[PDB]
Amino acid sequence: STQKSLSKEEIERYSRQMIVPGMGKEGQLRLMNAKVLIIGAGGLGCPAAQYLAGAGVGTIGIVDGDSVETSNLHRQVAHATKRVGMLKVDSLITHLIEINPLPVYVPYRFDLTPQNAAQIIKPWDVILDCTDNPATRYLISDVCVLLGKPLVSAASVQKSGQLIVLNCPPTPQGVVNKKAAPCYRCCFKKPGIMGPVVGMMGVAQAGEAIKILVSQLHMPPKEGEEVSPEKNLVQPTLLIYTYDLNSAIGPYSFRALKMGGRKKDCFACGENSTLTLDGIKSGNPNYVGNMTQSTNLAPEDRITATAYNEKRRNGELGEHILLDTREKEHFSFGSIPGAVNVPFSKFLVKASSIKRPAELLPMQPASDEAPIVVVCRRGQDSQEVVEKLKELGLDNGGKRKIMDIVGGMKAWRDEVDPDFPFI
């Protein structure tokens, strides 16, 4: 059943998408063999579906029981004025077929409920929560945890919208002996609209779904290895798009907050969880605004060249250590004043040699709260440095921040010191 080759028609339609680095024929076949479920055919669901249909997701399921109304067309741009009164799912698929008739579209002409949630979700690979409903959002996350599904959730309100990837790669309920991605309860313990806001989050949802399928981000890591922290999966990002009608794009229009992993005491995914699929069906979790404050924001792991310089000029980073991990001869061409050179090549060997005293890799420290900042050539290996330093308990249980500079010394040149001698 799995499709392994491309036809002449598919090569034409997808040619300009396959040349994107990291896509190719393999990435395209992964999309065409994938099954994505979209719950909600409105403000979030329309843009999400448009771009998943165009990209060539093989099977697209759409769940919605409401109908097209004139008052919602301003934000539901996949519907037509001529199709007012039609079921949203029927209206949306009509437009998706126009974009791309090759995918198989599966309508669910009813709303998701605790009684049918598991039945609807089980066959699908990636789940997109395009409901703007809190109750349904908690229900979907619960089911995705119990059924082992990755979830891309979005929400919108008057002035802001949000997006987050949850339970990806999925980890069974109750597992707390390893690093695991959070669920929606881990992140948010229970307490008009502008088109661009909901449209933004919807397009971003499709973007994440495409990434997950093409790169197989929902597949487990190699036995004994943890997911790369650089993939932003086990500690996903909470994207928040703030839309203020009286201010153009600002520094905090797009805010990305790093979340913690699975909570050990989470009602749904934590240990000693009482949540079950039959309990949901029986109404045991009673799924009583649309966006609420998070409850597991994690300590920051990175800093921009701009922000690091801004703090250095104002003397804010007191007592801190600055580690330059470029190789010796590269460090000799110039560096940030005050940077100590600890080449990455030797660093990995010395770290390999601590499988026996304590922490000789590093240099003279002060207090237990003294931040460490890592910088490399262009920010490709510095996250791995930070990750192993934390693996050896040199963050002192979280009291000591360990960060790297985004973009390395290249970003330093581009953002702060254009005349820096970069190699």
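Heads up: residue numbers just count along the shown sequence, starting at 1.
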Using what the record says, work out whether there is a hole in the model between residue 288 and residue 289 and how many deposited residues it spans (none, 1 to 3, 4 to 9, 10 or more). 1 to 3
Quick check on the record: how many residues from the deposited sequence are absent from the model between residue 191 and residue 192 (none, 1 to 3, 4 to 9, 10 or more)? 10 or more
Which is higher on mean Cα B factor in this entry, 398-406 or 20-28? 398-406
When mean C-alpha B-factors in the record are compared for 164-172 and 321-329, the larger belongs to 321-329
Highest Cα B-factor in the deposition, which of 50, 67, 70, 380? 380
Highest recorded C-alpha temperature factor, please, choosing from 37, 375, 44, 389. 389
Compare the C-alpha B factor of residue 309 with those of the other modelled residues in its chain, then answer lowest, middle or highest third. middle
Taking the entry's C-alpha B-factors for this chain, is residue 346 in the lowest, middle or highest third? highest
Could you say whether, by C-alpha temperature factor, residue 371 belongs to the lowest, middle or highest third of its chain? middle
So, residue 283's CA B-factor, relative to its chain, sits in which third? The highest
Entry-reported Cα temperature factor of residue 152, expressed as the chain third it lands in: lowest
